[PDB]
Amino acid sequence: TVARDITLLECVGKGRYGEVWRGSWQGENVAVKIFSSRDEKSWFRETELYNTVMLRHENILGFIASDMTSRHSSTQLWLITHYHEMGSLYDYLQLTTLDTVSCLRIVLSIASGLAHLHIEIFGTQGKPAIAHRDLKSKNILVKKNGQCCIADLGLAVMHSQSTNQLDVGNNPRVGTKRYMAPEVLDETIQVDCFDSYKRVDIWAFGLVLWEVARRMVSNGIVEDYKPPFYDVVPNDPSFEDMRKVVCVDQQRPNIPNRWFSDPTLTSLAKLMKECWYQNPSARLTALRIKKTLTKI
């Protein structure tokens, strides 16, 4: 199997989930995620999705192999993907500003990726409908051509129309608190309905729009990279922190004055605002966001 053939070179990321490494396979960089024991369900889910569904798409992180292996005399669960050397959107936004073309490229490729996940495709070629549930700038990678791809199907949920069956998996993992929709933070989300999970994705994608737009230059100026809600919650905010700010105080990220004098940024501000209605039913769909971005 593929695990045995990889040389781990350096660690590019670490958290409670485990670790991601640059390794070489067949003379190429690959990304290897090594799961912690506390997160083996996310390995199982990603492996399930990539193996049982046809998931090749320019804007979805490309799967190579999933593997079990031994190291230091214990079992490690590995997920091997294409390696993107520009790193995550999160890192990238910190190291560079964007022009209009670069910004729209980033946001259109996210929306294309997400539309693709959300939409059930029929036949011998296709795929069930899929919601992500942990969309954020750290789970989006930047490719050399300026497009992005969506990463981490660990929390993914599926629906298929023949049977109308919802598969929510079996993962105790929760999404990133910073990016939880209101109906998640207030725990009134209807867990038996596929559409609810789509709407949590849209809420999160709104925030990512906001994060990107800040780094687009207009009138020679930019805002510094910041995470959503930077001004009102601490680092590593609690569930209650976010509940107070999003649900109780009803806060939403501020739109800089200067966006309103640029058309690309004005379109983006309206889009992201309609990802952020408290009432989930009111939010734009991925396909609507994609189509609009294709107009600009």
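What we label the rigid core is the largest C-alpha set whose atoms superpose within 1.5 Å from one form to the other. The numbering used is simple: start at 1 and walk along the sequence shown.
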Do the Cα atoms of 75-83 or those of 141-149 sit farther, on average, from the shown form in 6 other deposited structures of this protein after fitting on the core? 75-83
Comparing 233-241 with 48-56, which has C-alphas lying farther from the shown form in 6 other deposited structures of this protein once the core is aligned? 48-56
Where both flanking residues are modelled in the other PDB entries compared, is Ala181 itself missing in a third or more? no
Compared with other deposited entries of this protein, is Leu166 missing coordinates in at least a third of those that cover its neighbours? yes
Which has the higher mean CA temperature factor in the PDB entry, 162-170 or 111-119? 162-170
Would you tell me which stretch averages the higher CA B-factor in the PDB entry, 173-181 or 136-144? 173-181
Quick one: which of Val191, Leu77, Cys103, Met86 has the biggest Cα B-factor according to the entry? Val191
Looking at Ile34, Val246, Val30, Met54, which has the highest CA B-factor as recorded? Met54
Would you please rank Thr81 by its C-alpha temperature factor against the other modelled residues of its chain and give the third it falls in: lowest, middle or highest? lowest
Could you place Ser42 in the lowest, middle or highest third of its chain by Cα temperature factor, using the values in the record? lowest
So where's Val20 on the chain's Cα temperature factor ranking, which third? lowest
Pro237: which third of its chain by C-alpha temperature factor? middle
Please place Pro128 in the lowest, middle or highest third of its chain according to the CA B-factor in the PDB entry. middle
